Amino acid sequence: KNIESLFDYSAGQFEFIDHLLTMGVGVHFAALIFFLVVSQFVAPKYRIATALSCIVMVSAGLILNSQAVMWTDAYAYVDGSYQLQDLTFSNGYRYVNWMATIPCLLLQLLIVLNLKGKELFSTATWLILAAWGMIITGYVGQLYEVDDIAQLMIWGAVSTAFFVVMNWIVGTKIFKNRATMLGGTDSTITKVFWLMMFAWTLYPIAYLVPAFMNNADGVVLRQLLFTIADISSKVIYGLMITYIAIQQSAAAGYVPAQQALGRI
Ligand SMILES: *C/C=C(C)/C=C/C=C(C)/C=C/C1=C(C)CCCC1(C)C
Ligand SMILES: CCCCCCCC/C=C\CCCCCCCC(=O)O
Ligand SMILES: [Cl-]
Ligand SMILES: [Cl-]
């Protein structure tokens, strides 16, 4: 049901995708260790924001690892090209994983925005409902990326509606609570918003690849887009969230944070 199943791959195409996914694994687990060791310099009220990055690193790292092994399982070098064998490859499992990772990305944002209690619970709930609506309708959509392009587009339109509404909630909370933020992170959080708009928008572009480049090179392009998007939306994003957590910790008087920033 996925366009990946339609083609044979050159050694070059096959190895590049393998390397992309493998590099993706290494980057996420490398970052995991960074987030782990810096977590001790985060004040208690923000420390969960950094823990969520650890959770995202392993979750994303495991899905990339799984995709890579699925890739090598599904294809074998036969008569001059990599051809589909008995096992299958699908991006569908990425969509399932987003059900967990996207709420984590959103939650760590709300935390450094200094949301608390009732407003935190209600905002998170609406955000998670919006994200799940987006992910589920998108998941259904890509089931048709070979059989019914028109259906892919319509489900994608519905998914985009959830996407836009989700982004509106995010933008609204960011620009409203920007003023509450310490240590100059009121400026930093603005760049985080634009990072999200950029990085998250790569995913619907990848989703549409079967519509504008239905060939083996389009398969490579999609994996390339996912890699750029994953690293940007999880790793670079996580680094900015953690930086914001540490800076606000130090400004709030948390001594290990102040000491940490003093060494650099
Ligand atoms: C770490 C993974 C992240 C942040 C994934 C985000 C995914 C999206 C923003 C996907 C959105 C989609 C649309 C807006 C339309 C097509 C269907 C989706 C699910 C690919
Ligand atoms: C934050 C951005 C992270 C970027 C991660 C991607 C790094 C490697 C990117 C690809 C370089 C281009 C490789 C050339 C493709 C060769 C085509 C092919 O053989 O299939
Ligand atoms: Cl605290
Ligand atoms: Cl993920």
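Excluded from the calculations below are hydrogen atoms, water molecules and symmetry mates; all remaining heavy atoms, backbone and side chain alike, are included. Positions are given from 1, in the same order as the sequence printed here.
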**Student:** Ignoring hydrogens, what is the shortest heavy-atom contact between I189 and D186? Give both atom names and the distance.
**Tutor:** CG2-O, 3.4 Å
**Student:** Between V192 and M197, is there a side-chain heavy-atom distance shorter than 4.5 Å?
**Tutor:**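 No - every pair of side-chain heavy atoms lies 4.5 Å or more apart.
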**Student:** Applying side-chain contact (heavy atoms from CB on, under 4.5 Å) to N65 and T22, what does each step give before you reach the verdict?
**Tutor:** CA-CA 7 Å; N65 181 70; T22 299; over 6 Å; no
**Student:** Give a yes or no on whether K191 atom NZ has more than 12 heavy-atom contacts from other residues, nucleotides or ligands under 6.0 Å away.
**Tutor:**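 Yes, NZ of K191 has more than 12 neighbouring heavy atoms, counting only those of other groups under 6.0 Å.
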**Student:** Does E119 offer a backbone N or O that forms a donor-acceptor pair with the side chain of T123 under 3.5 Å?
**Tutor:**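 Indeed, once roles are kept as given, a pair shorter than 3.5 Å links the two residues.
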**Student:** Would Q248 and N114 count as a side-chain hydrogen bond (donor to acceptor under 3.5 Å, both in side chains) if you check the C-alpha gap in whole Å, the side-chain angles of each, and the deciding distance to 0.1 Å?
**Tutor:** CA-CA 10 Å; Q248 284 194 105; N114 298 306; 3.1 Å; yes
**Student:** Is any side-chain heavy atom of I149 closer than 4.5 Å to a side-chain heavy atom of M153?
**Tutor:**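 SC-SC contact between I149 and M153 confirmed.
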**Student:** Looking at every heavy atom in both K234 and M57, which two are closest together, and how far apart are they?
**Tutor:** O-CE, 3.4 Å
**Student:** Give, for atom OG1 of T50 and atom CG of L36, the distance between the pair rounded to the nearest 0.5 Å.
**Tutor:** 10.5 Å
**Student:** Going by ring pair (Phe, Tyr, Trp, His ring centres under 6.0 Å), name the pairs with one or both residues in residues 105-143, residues two or more places apart or in two chains.
**Tutor:** none
**Student:** Test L109 against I174 for side-chain contact (heavy atoms from CB on, under 4.5 Å), laying out the working first.
**Tutor:** CA-CA 9 Å; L109 168 68; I174 285 186; 4.0 Å; yes
**Student:** Check the pair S53 / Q108 against side-chain hydrogen bond (donor to acceptor under 3.5 Å, both in side chains), numbers first and verdict last.
**Tutor:** CA-CA 8 Å; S53 276; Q108 58 182 170; 2.9 Å; yes
**Student:** Side chains of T180 and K176: any donor to acceptor distance under 3.5 Å?
**Tutor:**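 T180 and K176 do not have a side-chain donor-acceptor pair below 3.5 Å.
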**Student:** Could you tell me whether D147 atom CG has more than 12 heavy atoms of other residues or ligands within 6.0 Å of it?
**Tutor:** yes
**Student:** Nearest 0.5 Å, please: how far is CD in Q13 from CG in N215?
**Tutor:**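 Those atoms lie 8.5 Å apart.
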**Student:** Between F193 and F175, is the ring centroid distance below 6.0 Å?
**Tutor:**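 Close enough - the centres of the two rings lie under 6.0 Å apart.
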**Student:** Can you name the closest pair of heavy atoms from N2 and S90 and give their distance?
**Tutor:** ND2-CA, 3.8 Å
**Student:** Can you tell me how far CH2 of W168 sits from NZ of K173, rounded to the nearest 0.5 angstrom?
**Tutor:**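 Interatomic distance, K173 NZ to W168 CH2, rounded to 0.5 Å: 8.5 Å.
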**Student:** Quick test of your reading: applying ring pair (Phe, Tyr, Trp, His ring centres under 6.0 Å), list the pairs with at least one residue in residues 47-74, sequence neighbours left out, ordered by first then second residue.
**Tutor:**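 Checked against ring pair (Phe, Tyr, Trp, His ring centres under 6.0 Å) - neighbours excluded - the pairs reaching residues 47-74 are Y9-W71, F14-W71, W71-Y75, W71-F89.
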**Student:** Could you walk me through whether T72 and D18 pass the side-chain hydrogen bond (donor to acceptor under 3.5 Å, both in side chains) check?
**Tutor:** CA-CA 8 Å; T72 54; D18 186 44; 5.5 Å; no
**Student:** Could you please spell out the steps behind the side-chain contact (heavy atoms from CB on, under 4.5 Å) verdict for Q247 and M181?
**Tutor:** CA-CA 10 Å; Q247 188 65 33; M181 298 181 66; over 6 Å; no
**Student:** Could you tell me whether the side chain of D79 reaches within less than 4.5 Å of the side chain of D8, counting heavy atoms only?
**Tutor:**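 Side-chain contact under 4.5 Å: no.
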**Student:** Ignoring hydrogens, what is the shortest heavy-atom contact between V25 and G61? Give both atom names and the distance.
**Tutor:**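 Result for this residue pair: CG2-O, 3.8 Å.
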**Student:** How long is the straight-line distance from OG of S249 back to CG of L182, given to the nearest 0.5 Å?
**Tutor:**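 It is 9.0 Å, given to the nearest 0.5 Å.
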**Student:** Walk me through whether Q258 and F41 qualify under side-chain contact (heavy atoms from CB on, under 4.5 Å).
**Tutor:** CA-CA 8 Å; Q258 297 175 343; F41 308 121; over 6 Å; no
**Student:** So, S122 side chain and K118 main chain: donor-acceptor pair closer than 3.5 Å or not?
**Tutor:** yes
**Student:** Are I205 and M213 co-members of a hydrophobic cluster defined by side-chain heavy atoms under 4.5 Å apart?
**Tutor:** yes
**Student:** Hey, are the side chains of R178 and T185 touching, using non-hydrogen atoms and a 4.5 Å cut-off?
**Tutor:** no
**Student:** Do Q83 side-chain atoms and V78 backbone N/O form a donor-acceptor pair below 3.5 Å?
**Tutor:** yes
**Student:** Could you check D217 against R222 for salt bridge (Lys or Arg N to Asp or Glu O under 4.0 Å), going step by step and ending with a plain yes or no?
**Tutor:** CA-CA 9 Å; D217 290 314; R222 174 149 72 179; over 6 Å; no
**Student:** Would you say the side chain of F226 lies within less than 4.5 Å of the side chain of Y203, judging by non-hydrogen atoms?
**Tutor:** yes
**Student:** Please round to the nearest 0.5 Å and tell me the distance separating atom CG of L239 and atom CZ of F35.
**Tutor:** 4.0 Å
**Student:** Is any side-chain heavy atom of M134 closer than 4.5 Å to one of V158?
**Tutor:**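 Not in contact.
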**Student:** Tell me if the CZ atom of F29 is crowded by more than 12 foreign heavy atoms within 6.0 Å.
**Tutor:** yes
**Student:** Any link between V112 and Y254 through a network of hydrophobic side chains (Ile, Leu, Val, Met, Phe, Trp, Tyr) touching at under 4.5 Å?
**Tutor:** no
**Student:** Do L21 and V58 belong to the same hydrophobic cluster, where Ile, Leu, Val, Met, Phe, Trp and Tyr are linked whenever their side-chain heavy atoms lie under 4.5 Å apart, directly or via other members?
**Tutor:**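 Yes.
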**Student:** Backbone N or O of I55 within a donor-acceptor pair of the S59 side chain at under 3.5 Å?
**Tutor:** no
**Student:** Give me the atom names and distance for the closest heavy-atom approach of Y207 to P210.
**Tutor:**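 Taking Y207 first and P210 second, the nearest heavy atoms are O-CD, 3.3 Å.
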**Student:** Ignoring hydrogens and geometry beyond distance, is a side-chain donor-acceptor pair present between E4 and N91 at under 3.5 Å?
**Tutor:**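 Yes, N91 and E4 have a side-chain donor paired with an acceptor closer than 3.5 Å.
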**Student:** Please indicate whether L195 has more than 12 foreign heavy atoms, meaning atoms of other residues, nucleotides or ligands, lying under 6.0 Å from its CG.
**Tutor:**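 Enclosed.
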**Student:** Please answer: with hydrophobic residues joined when any side-chain heavy atoms are less than 4.5 Å apart, are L106 and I236 in the same cluster?
**Tutor:** yes
**Student:** Sub-3.5 Å donor-acceptor pair from the side chain of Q85 to the main-chain atoms of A74, do we have one?
**Tutor:**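 No, because the side chain of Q85 does not come within donor-acceptor range (under 3.5 Å) of the backbone of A74.
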**Student:** Kindly indicate whether the side chain of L129, heavy atoms from C-beta on, has any atom under 4.5 Å from the side chain of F162.
**Tutor:**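 Contact flag for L129/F162 side chains = no.
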**Student:** Test of understanding: clusters of I, L, V, M, F, W, Y form through side-chain heavy atoms closer than 4.5 Å, transitively. Do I154 and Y95 belong to the same one?
**Tutor:** no
**Student:** From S39 OG over to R47 CZ, what is the distance, rounded to the nearest 0.5 angstrom?
**Tutor:**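 One finds 7.5 Å between OG of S39 and CZ of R47.
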**Student:** Are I231 and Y237 side-chain neighbours, meaning at least one heavy-atom pair lies under 4.5 Å?
**Tutor:** no
**Student:** Do you know which two heavy atoms are closest between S233 and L105, and how far apart they sit?
**Tutor:** O-CD2, 3.5 Å
